[PDB]
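Asks: Residue numbers (our numbering): 10 to 123. Have a look at the structure that comes next, please.
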């Protein structure tokens, strides 16, 4: 899975499932579900050595995977709205929270295996 000219060496995760978010609003929970199939399954990441945190890895990951959904995708027939992107800021966070933990464990525990 490519990008607009790579991202400077960024890696790409395995496909993932949809998180159950708990926004609090029934309109969000509905809207989320009404579009849950359109959200990404995979997230880009950087390797865990130089940066390594649950903040910066995960913020940038949202910015990035969203950007691929904004430009690598909206120029091929997609057209996410503000509200769809606002949902995506959560969906990719949850995904890249796990991707961070996976990559960290697979580094620290040595189990380099997605």
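For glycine and all other residues, C-beta sits at the position ideal for the given N, C-alpha and C.
Grouping DSSP H, G and I as helix and E and B as strand, with all else coil, what is residue 53?
Replies: The count along the chain shown starts at 1 and reaches residue 53 at position 44. Strand, per DSSP.
Asks: Starting from the C-beta of residue 19, find all residues in its chain whose C-beta is less than 8 angstroms away, skip the five residues before and the five after it, and write them out in chain order.
Replies: Working through the chain shown from its first residue, we reach residue 19 at position 10. Taken in chain order, the residues that qualify are 12, 53, 54, 55 and 73.
Asks: Can you give me the Cβ contacts of residue 57 inside the same chain, cut-off strictly under 6 angstroms, excluding the 5 residues immediately before and after it?
Replies: Position 48 of the chain shown holds residue 57. Counting only Cβ-Cβ distances below 6 angstroms, and skipping sequence neighbours, we find 112, 113 and 116.
Asks: Might you give, ordered along the chain, the residues of its own chain that have their beta carbon closer than 7 angstroms to the beta carbon of residue 67, omitting 5 neighbours on each side?
Replies: For this step, residue 67 is matched to residue 58 along the chain shown. Same-chain partners within the cutoff: 102, 105, 106 and 109.
Asks: Could you give the DSSP three-state label for residue 20: helix, strand or coil?
Replies: Along the chain shown, read from residue 1 onward, the residue named residue 20 stands at position 11. In the structure shown, residue 20 sits in a strand (DSSP, three-state: E or B).
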